[PDB]
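Below you will find one chain, with nothing else, as structure tokens; this is the form deposited in one PDB entry, and questions on how it binds or moves follow later.
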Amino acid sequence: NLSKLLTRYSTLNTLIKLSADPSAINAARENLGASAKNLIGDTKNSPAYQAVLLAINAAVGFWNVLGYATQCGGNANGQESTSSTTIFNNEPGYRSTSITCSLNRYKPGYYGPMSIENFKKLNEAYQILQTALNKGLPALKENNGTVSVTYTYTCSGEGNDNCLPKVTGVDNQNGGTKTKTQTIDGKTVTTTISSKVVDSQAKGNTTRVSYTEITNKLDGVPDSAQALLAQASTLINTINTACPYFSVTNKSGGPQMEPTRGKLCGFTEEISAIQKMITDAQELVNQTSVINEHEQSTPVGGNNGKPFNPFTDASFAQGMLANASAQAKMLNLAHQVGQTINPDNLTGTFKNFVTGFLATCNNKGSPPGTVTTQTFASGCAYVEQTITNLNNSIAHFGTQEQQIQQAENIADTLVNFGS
């Protein structure tokens, strides 16, 4: 019996009153539009935006901590080299804005050097992410922004085949170019590759030796959240799968890194975390389409002037529910992303990694996406600040959260009545 039930639960009586009143239903649908704009249309004030920015930054910061310590080398097939030095620019190396892959003889592989094949995948993803972060990530709803990315690497040493026409795609090793396209995010991304040889004895050449320089210019690279998350996934998965050998220089006093020496997939807790953050951010961004698909701005009411009937006139409700649920799911995942990395709830060696390295910057803060000779061994990806802004944004989403829940409950009531 229902009277006896609405005794025990006063709020359900109120919920039923609201559900049969178009003025209240329409008010809930307005709220849903406003909270959607908050989530997918804002940046600073959106928990969703902050949780995405945070996942991306954790991946980037992971490599700014460990890149410099990581071995790489060999030749183009992933095989050992006799005498190859391949230097990637705008990478966070020991006291340097480049990372040098010059480990010979050892077979590239697990607990070995990272292959140049893997380092190129890693590097491309990193250059794209640092360029996007530097420009600013758009709001989640903006899926057609692009960005332009440029990066260089050099090859030297006898037998080094990492910059040769065969690998590079270029016809002429000295002054040749190649344009190739590729279809990512349903979007055409143009790449321009150009090669150039500087001789051992040639005007302004510090490195006493002969080398080849490769330039990659990428236009039309999608900067949407889904796309940039796919880039961070490639970064952290390339590292985890290649699982190369690293060894570190711990500074005097500072913070202490454990272990010194080892392999990169050995940071299991940290990698799992970053992967989970990315996975939750991708799911969270996925809710954008559900929201878009179920717009809530058509006002609702009875048929033919006669009063609203919650049992027959409520076919909008499935869409209202789906929307409200999607919004709620964005908020919870956003929260979940933050709790995965927030050091308040971390323990042991994993907490020490986050508070002493990941959430740290050694740069003389400098803007996002900036690599300096002091970037190594520090995240330089605004991790403390992003955790803080996520929390701030959630705290300023108090009202909206309650409105989403109320909208979810109204719709749910109506879906029920309509069976």
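Residues that one form lacks are left out of the comparison. If you superpose the two forms and keep the largest set of C-alpha atoms that fall within 1.5 Å, you have the rigid core. Numbering starts at 1 and follows the sequence shown.
Going from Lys364 to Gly365, the model skips 4 to 9 deposited residues, which lack coordinates. The PDB entry reports B-factors from which the mean C-alpha value can be compared for 286-294 and 202-210; the larger average falls on 202-210. Stretches 242-250 and 324-332 differ in mean C-alpha B factor, with the higher average recorded for 242-250.
Between the residues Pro222, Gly93, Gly169, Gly112, the entry's highest C-alpha temperature factor is the one at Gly169. Between the residues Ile184, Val337, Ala230, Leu133, the entry's highest C-alpha temperature factor is the one at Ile184. For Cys101, the recorded CA B-factor ranks within the middle third of the chain. Only modelled residues enter the ranking. When the modelled residues of the chain are ordered by C-alpha B-factor, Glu142 sits in the highest third. In the deposited entry, the Cα temperature factor of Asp280 places it in the lowest third of its chain's modelled residues. For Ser10, the recorded CA temperature factor ranks within the highest third of the chain's modelled residues.
Per the deposited record, the Cα B-factor of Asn57 falls in the lowest third when ranked against the other modelled residues of its chain.
One more form of this protein should be noted, the form deposited in another entry, which is absent from this view; the next part is about it.
Of the residues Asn134, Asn303, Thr298, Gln79, exactly one exceeds or equals a 2 Å C-alpha shift between the shown form and the other one once the rigid core is aligned, and that residue is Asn303.
Core-superposed difference between the shown form and the other one: segments of three or more residues with every CA shifted 2 Å or more are 1-12, 302-304.
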